[PDB]
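Beneath this line is the structure, given in structure tokens, with notes to follow.
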Amino acid sequence: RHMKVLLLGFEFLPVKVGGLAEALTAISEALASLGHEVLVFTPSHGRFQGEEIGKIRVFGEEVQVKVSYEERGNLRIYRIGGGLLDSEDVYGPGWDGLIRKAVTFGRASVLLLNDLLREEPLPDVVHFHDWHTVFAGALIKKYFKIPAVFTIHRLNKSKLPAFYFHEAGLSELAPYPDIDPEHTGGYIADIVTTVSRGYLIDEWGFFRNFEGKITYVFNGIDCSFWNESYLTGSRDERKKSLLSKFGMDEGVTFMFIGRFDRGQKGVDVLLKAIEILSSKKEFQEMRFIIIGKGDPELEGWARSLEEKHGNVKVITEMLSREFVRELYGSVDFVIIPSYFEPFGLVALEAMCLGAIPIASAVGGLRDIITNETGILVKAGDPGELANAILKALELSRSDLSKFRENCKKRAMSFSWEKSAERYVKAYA
Ligand SMILES: OC[C@H]1O[C@H](O[C@H]2[C@H](O)[C@@H](O)[C@@H](O[C@H]3[C@H](O)[C@@H](O)[C@@H](O[C@H]4[C@H](O)[C@@H](O)[C@@H](O)O[C@@H]4CO)O[C@@H]3CO)O[C@@H]2CO)[C@H](O)[C@@H](O)[C@@H]1O
Ligand SMILES: [Cl-]
Ligand SMILES: [Cl-]
Ligand SMILES: [Cl-]
Ligand SMILES: [K+]
Ligand SMILES: [K+]
Ligand SMILES: [K+]
């Protein structure tokens with residue numbers, strides 16, 4: 001039953017870059033609330049000012065380690081500062097700084113766990129996340145000999161010089177001049193996981209190295225935040241109103257929310273799909289809201305289409321999640337033309353709010369979006385996307401309502417509690 005878990009993560013609310021902080025906080029809270037004792041080690045990144053607990057030696061120098069302790073029942077959070085762990089640049093500063101920071105975090109973690117073990121038993125498992133925490137995971141397994149579980153949220157696919165493993169005290173893990181840290185993490189782990197069954201398959205070229213000890217464990221979504229109980233009026237009124245607030249009268253509405261970049265989130269695919277459609281007769285019963293920022297080229301292309309058409313709105317400012325929740329709760333479709341997707345949180349947030357997804361058939365999107373709950377399409381293919389948008393527009397029959405309902409039912413089976421229960425089996 002009850003386990004004591006040591007969870008190593010490189011970000012953790014309130015200190016976040018993208019969604020990882022929130023996902024790790026969610027997991028920890030879920031584990032805790034099932035009754036398990038959960039200790040979290042994570043860097044301070046400059047936000048906390050902890051107690052000195054002793055020195056470590058990193059790259060020929062001494063570093064005084066600091067620790068801030070937050071405790072809430074079975075959930076125990078240790079934020080470790082000292083040297084590079086004080087940089088506010090979570091994934092820095094610079095590439096070299098980052099990796100030195102990750103080594104620093106590895107030695108600092110060992111120090112802390114020794115310090116703690118003076119007064120409590122060893123944890124039953126160490127669960128570390130992403131490549132940044134591999135020095136720490138590998139050192140803890142090595143020194144304290146406890147079962148390790150390695151979870152990959154996103155494969156960085158990059159190598160480090162052996163120098164770093166040597167300096168970390170992990171020479172035995174460095175039999176070549178250059179070493180893939182993700183591969184090392186899978187290698188020393190008793191169990192490896194990633195956050196979706198379709199990403200595990202999309203990356204089987206990597207993950208097959210761990211046949212026999214590899215599985216997937218989905219992430220969750222917070223549907224207590226993402227639901228419609230926060231919105232008023234009916235969906236028609238809201239849409240009628242939003243569109244109008246954008247200069248447009250009613251029409252079936254598609255939304256994209258994403259950074260603007262090449263070969264990732266796929267706004268370029270969508271901007272092209274739109275051009276492809278901007279000559280059909282039905283392009284006129286369609287409204288597009290494009291939200292994000294990044295590549296200037298991609299920005300201009302979007303601003304230009306906005307100008308060319310009184311049918312396209314573009315938002316490069318930053319939207320609060322309260323407001324995004326409003327958008328999802330009022331548009332007809334959300335479009336998710338990713339080139340790859342470890343999990344698919346946006347699809348879930350949208351689905352929790354009755355928006356019907358049209359997504360690339362990549363990674364977790366293939367898991368999440370089943371055939372009664374959204375439309376899937378080849379990634380990278382503007383004509384396939386433009387076509388799907390067309391199908392959707394013809395879909396417009398008040399049995400979009402069947403879809404919407406299926407979307408909600410579905411998205412909500414992705415609870416964090418189920419993730420946690422799943423990780424617990426894996427721990428055991
Ligand atoms: O099981 C032992 C190790 O397993 C894992 O190692 C991985 C590496 O992380 C991968 O990067 C790769 O190793 C490559 C290596 O990256 C590359 O430099 C090259 O190595 C040559 C080397 O240049 C040359 O000097 C000579 O000694 O031969 C080497 C091998 O021919 O190619 C390597 C071979 O793939 O693959 C291994 C496979 O495991 C894990 O990362 C380690 O921590 C673990 O100890
Ligand atoms: Cl992200
Ligand atoms: Cl040390
Ligand atoms: Cl195979
Ligand atoms: K010194
Ligand atoms: K299976
Ligand atoms: K994701």
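Following the order of the structure tokens, chains are lettered A, B, ..., residues in each are numbered from 1, and ligands are numbered from 1.
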
message: Taking the DSSP secondary structure from the backbone, can you list the residues of segment 101-348 of chain A that are alpha helix (DSSP H), as an MDAnalysis selection string?
response: chainID A and resid 101:117 134:144 163:167 181:188 197:202 204:207 235:244 267:277 296:308 321:328 345:348

message: Could you list, as a count of residues only, every residue within 9 Å of segment 267-284 of chain A, counting only C-alpha atoms and ignoring same-chain residues fewer than 4 positions away?
response: 33

Do you have, as CSV, the list of residues of chain A lying at most 9 Å from ligand 7, each with its nearest atom pair and that distance in Å to one decimal, counting only C-alpha atoms and all ligand atoms and ordered by chain then number?
residue,atom,partner,partner_atom_place_in_ligand_line,distance
A:19,CA,ligand 7,1 (K),7.5
A:20,CA,ligand 7,1 (K),8.8
A:153,CA,ligand 7,1 (K),7.9
A:154,CA,ligand 7,1 (K),8.4
A:195,CA,ligand 7,1 (K),8.6
A:219,CA,ligand 7,1 (K),8.8
A:341,CA,ligand 7,1 (K),5.8
A:342,CA,ligand 7,1 (K),5.3
A:343,CA,ligand 7,1 (K),4.3
A:344,CA,ligand 7,1 (K),4.5
A:345,CA,ligand 7,1 (K),5.0
A:346,CA,ligand 7,1 (K),7.3
A:364,CA,ligand 7,1 (K),8.0

message: Just want the 8 Å neighbourhood of residue 3 of chain A, counted on only C-alpha atoms, with same-chain residues fewer than 6 positions away dropped. Output as a ChimeraX atom specification.
response: /A:36-37,123-124

Applying 7 Å and only C-alpha atoms, which residues near segment 404-416 of chain A remain after dropping the ones on its own chain fewer than 5 positions away? List them as a PDB file with N, CA, C and O atoms, in the first residue's frame.
ATOM      1  N   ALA A  26       1.297  18.608 -10.022  1.00  0.00           N
ATOM      2  CA  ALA A  26       0.036  17.880 -10.067  1.00  0.00           C
ATOM      3  C   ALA A  26       0.243  16.462  -9.628  1.00  0.00           C
ATOM      4  O   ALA A  26      -0.472  15.969  -8.751  1.00  0.00           O
ATOM      5  N   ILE A  27       1.219  15.807 -10.235  1.00  0.00           N
ATOM      6  CA  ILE A  27       1.584  14.442  -9.866  1.00  0.00           C
ATOM      7  C   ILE A  27       1.870  14.237  -8.381  1.00  0.00           C
ATOM      8  O   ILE A  27       1.430  13.273  -7.780  1.00  0.00           O
ATOM      9  N   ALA A  30      -1.217  14.586  -6.325  1.00  0.00           N
ATOM     10  CA  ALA A  30      -2.028  13.406  -6.496  1.00  0.00           C
ATOM     11  C   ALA A  30      -1.470  12.226  -5.690  1.00  0.00           C
ATOM     12  O   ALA A  30      -2.194  11.533  -4.949  1.00  0.00           O
ATOM     13  N   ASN A 219      -0.501  11.690 -18.573  1.00  0.00           N
ATOM     14  CA  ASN A 219      -0.709  12.764 -17.643  1.00  0.00           C
ATOM     15  C   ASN A 219      -2.182  13.007 -17.419  1.00  0.00           C
ATOM     16  O   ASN A 219      -3.054  12.265 -17.910  1.00  0.00           O
ATOM     17  N   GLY A 220      -2.472  14.046 -16.664  1.00  0.00           N
ATOM     18  CA  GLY A 220      -3.850  14.342 -16.334  1.00  0.00           C
ATOM     19  C   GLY A 220      -4.180  15.745 -16.732  1.00  0.00           C
ATOM     20  O   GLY A 220      -3.358  16.466 -17.296  1.00  0.00           O
ATOM     21  N   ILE A 221      -5.401  16.143 -16.457  1.00  0.00           N
ATOM     22  CA  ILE A 221      -5.767  17.533 -16.631  1.00  0.00           C
ATOM     23  C   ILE A 221      -6.552  17.925 -15.425  1.00  0.00           C
ATOM     24  O   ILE A 221      -7.244  17.111 -14.864  1.00  0.00           O
ATOM     25  N   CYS A 223      -9.650  19.198 -14.429  1.00  0.00           N
ATOM     26  CA  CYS A 223     -11.000  19.614 -14.863  1.00  0.00           C
ATOM     27  C   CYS A 223     -11.773  20.388 -13.831  1.00  0.00           C
ATOM     28  O   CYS A 223     -12.878  20.838 -14.112  1.00  0.00           O
ATOM     29  N   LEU A 348      -6.912  18.452 -24.391  1.00  0.00           N
ATOM     30  CA  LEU A 348      -7.742  18.102 -23.249  1.00  0.00           C
ATOM     31  C   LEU A 348      -8.440  19.313 -22.672  1.00  0.00           C
ATOM     32  O   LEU A 348      -9.613  19.250 -22.388  1.00  0.00           O
ATOM     33  N   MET A 351     -11.214  20.107 -24.905  1.00  0.00           N
ATOM     34  CA  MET A 351     -12.279  19.132 -24.870  1.00  0.00           C
ATOM     35  C   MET A 351     -13.109  19.260 -23.596  1.00  0.00           C
ATOM     36  O   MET A 351     -14.300  18.966 -23.619  1.00  0.00           O
ATOM     37  N   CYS A 352     -12.472  19.690 -22.499  1.00  0.00           N
ATOM     38  CA  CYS A 352     -13.126  19.795 -21.181  1.00  0.00           C
ATOM     39  C   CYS A 352     -14.136  20.903 -21.291  1.00  0.00           C
ATOM     40  O   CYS A 352     -15.079  20.944 -20.552  1.00  0.00           O
ATOM     41  N   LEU A 353     -13.962  21.763 -22.278  1.00  0.00           N
ATOM     42  CA  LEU A 353     -14.823  22.919 -22.436  1.00  0.00           C
ATOM     43  C   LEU A 353     -15.789  22.832 -23.612  1.00  0.00           C
ATOM     44  O   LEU A 353     -16.439  23.804 -23.957  1.00  0.00           O
ATOM     45  N   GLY A 354     -15.890  21.659 -24.216  1.00  0.00           N
ATOM     46  CA  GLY A 354     -16.800  21.444 -25.328  1.00  0.00           C
ATOM     47  C   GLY A 354     -16.310  21.884 -26.692  1.00  0.00           C
ATOM     48  O   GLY A 354     -17.061  21.811 -27.644  1.00  0.00           O
ATOM     49  N   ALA A 355     -15.074  22.359 -26.810  1.00  0.00           N
ATOM     50  CA  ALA A 355     -14.518  22.634 -28.131  1.00  0.00           C
ATOM     51  C   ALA A 355     -14.077  21.318 -28.767  1.00  0.00           C
ATOM     52  O   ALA A 355     -13.500  20.465 -28.101  1.00  0.00           O
ATOM     53  N   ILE A 356     -14.372  21.155 -30.052  1.00  0.00           N
ATOM     54  CA  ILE A 356     -14.026  19.945 -30.758  1.00  0.00           C
ATOM     55  C   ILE A 356     -12.673  20.124 -31.458  1.00  0.00           C
ATOM     56  O   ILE A 356     -12.454  21.094 -32.187  1.00  0.00           O
ATOM     57  N   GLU A 372     -15.018   9.427 -31.900  1.00  0.00           N
ATOM     58  CA  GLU A 372     -16.281  10.134 -31.565  1.00  0.00           C
ATOM     59  C   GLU A 372     -16.037  11.447 -30.883  1.00  0.00           C
ATOM     60  O   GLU A 372     -16.977  12.025 -30.356  1.00  0.00           O
ATOM     61  N   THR A 373     -14.803  11.922 -30.860  1.00  0.00           N
ATOM     62  CA  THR A 373     -14.495  13.103 -30.075  1.00  0.00           C
ATOM     63  C   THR A 373     -13.556  14.084 -30.711  1.00  0.00           C
ATOM     64  O   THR A 373     -12.730  14.643 -30.007  1.00  0.00           O
TER      65      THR A 373
END

field: All residues 9 Å or closer to segment 59-68 of chain A, only C-alpha atoms, same chain fewer than 4 positions away omitted, as a list in words
entry: residues 44, 48, 49, 50, 51, 52, 53, 54, 55, 77, 78, 79, 80, 81, 82, 83, 85, 100, 104, 108, 111, 112, 164, 167 and 168 of chain A

Dump of C-alpha atoms for the selected residues, as a short mmCIF file (atom, residue, chain, number, x, y, z; two decimals), in the first residue's frame:
data_model
loop_
_atom_site.label_atom_id
_atom_site.label_comp_id
_atom_site.auth_asym_id
_atom_site.auth_seq_id
_atom_site.Cartn_x
_atom_site.Cartn_y
_atom_site.Cartn_z
CA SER A 44 15.48 26.94 -5.92
CA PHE A 48 13.97 30.71 -2.32
CA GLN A 49 16.58 31.57 0.35
CA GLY A 50 17.35 28.37 2.25
CA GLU A 51 19.46 27.24 5.21
CA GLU A 52 23.04 26.21 4.60
CA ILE A 53 23.39 22.49 5.08
CA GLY A 54 26.97 21.88 3.99
CA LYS A 55 29.43 22.01 1.16
CA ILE A 77 9.12 19.97 -0.85
CA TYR A 78 12.80 20.74 -0.70
CA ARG A 79 14.17 23.50 -2.82
CA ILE A 80 17.89 23.35 -3.15
CA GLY A 81 19.98 26.42 -3.76
CA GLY A 82 23.72 27.06 -3.89
CA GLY A 83 26.02 28.09 -6.74
CA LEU A 85 21.16 26.50 -8.35
CA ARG A 100 26.88 22.38 -14.58
CA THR A 104 25.36 20.67 -9.05
CA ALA A 108 23.42 18.64 -3.74
CA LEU A 111 24.07 15.69 0.40
CA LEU A 112 20.47 16.45 1.31
CA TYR A 164 30.00 16.11 -17.04
CA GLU A 167 32.60 15.62 -12.67
CA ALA A 168 29.31 14.36 -11.31
#

Interatomic distance (Å, one decimal) between atom CA of residue 420 of chain A and atom CA of residue 216 of chain A: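 Answer for the atom CA of residue 420 of chain A to atom CA of residue 216 of chain A separation: 12.3 Å.
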
- prompt: Hey, which residues come within 9 Å of ligand 4 if we count only C-alpha atoms and all ligand atoms? Could you give them as a PyMOL selection string?
  reply: chain A and resi 204-205+208+211
